[PDB]
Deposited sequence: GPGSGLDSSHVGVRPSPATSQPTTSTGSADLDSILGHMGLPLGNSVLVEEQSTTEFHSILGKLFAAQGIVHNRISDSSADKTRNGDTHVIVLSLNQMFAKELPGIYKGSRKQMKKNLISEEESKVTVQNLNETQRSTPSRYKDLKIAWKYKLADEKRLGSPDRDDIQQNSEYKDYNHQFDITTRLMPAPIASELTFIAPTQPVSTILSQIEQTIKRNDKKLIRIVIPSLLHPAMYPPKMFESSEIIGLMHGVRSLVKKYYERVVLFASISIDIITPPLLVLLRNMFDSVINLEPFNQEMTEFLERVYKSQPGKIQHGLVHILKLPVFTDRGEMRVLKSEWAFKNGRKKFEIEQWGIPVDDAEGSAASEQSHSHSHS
């Protein structure tokens, strides 16, 4: 469970349910909850021409680190990626539930290994899920942001992971944790649709609570 006087949490207009800021002003309103409800997940889909989706990934992450930094707003960001310069590329700033970020300024103090943790997608699915569980369990009472900066990037995800039982097993298992700790966990993922076959994309979409398509940034959503 979490804290009531948590600044990163707030009830959605549409529902009684606790939600959190995507770190993206506009995006929050479009979701329909003025944010992403705890225990839910979004998949953001983008065309090849980068990198508006890696931007929303970084906003989502940055929003969580600021929360962690002064009541309270304790959060822990988990990143499933091989690129650790994701943590150094997060935007800086400028209730206290959403902030206006600046894509040109980095974050004032660099994120510490205790504020943010990386997990490599170059591992077995069993291992990845274990890490995410274990990280969630030891940061008990902390709000938990899971960010998957670009699902199935071929430079980060081994060919064998593209087998259905691997990637969908991974997504099923992550979805299982999101619902299991619905009290405080949330998931953001992005994916480039040019390297995913339509069947697999259909499978993927089914593991997420909401799916957002970006065409250049205009957002057509599937709630």
{"item": "Deposited-sequence segments unaccounted for in the coordinates", "value": "1-4, 75-82, 107-172, 295-298, 306-376"}
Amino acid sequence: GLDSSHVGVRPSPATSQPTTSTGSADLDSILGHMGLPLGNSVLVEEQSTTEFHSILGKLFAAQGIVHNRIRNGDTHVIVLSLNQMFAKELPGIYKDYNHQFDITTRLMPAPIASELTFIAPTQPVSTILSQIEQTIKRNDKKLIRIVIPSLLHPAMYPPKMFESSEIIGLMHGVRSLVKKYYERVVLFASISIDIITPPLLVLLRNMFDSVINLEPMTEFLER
From here on, numbers count along this sequence of modelled residues.
property: Average Cα temperature factor in the PDB entry - higher stretch of 150-158, 47-55; result: 47-55
property: Stretch with the higher entry mean CA B-factor, where the candidates are 83-91 and 130-138; result: 83-91
property: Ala120, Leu107, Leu116, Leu143, ranked by C-alpha B-factor: the highest one; result: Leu107
property: Selection from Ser16, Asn213, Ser210, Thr19 [criterion: highest C-alpha temperature factor in the record]; result: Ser16
property: CA B-factor ranking of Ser29, expressed as a third of its chain; result: highest
property: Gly173 CA temperature factor, ranked by third within the chain; result: lowest
property: Chain-relative CA temperature factor third for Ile167; result: lowest
property: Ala61, C-alpha B-factor rank within chain (lowest, middle or highest third); result: middle
property: Lowest, middle or highest third - CA B-factor, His67; result: middle
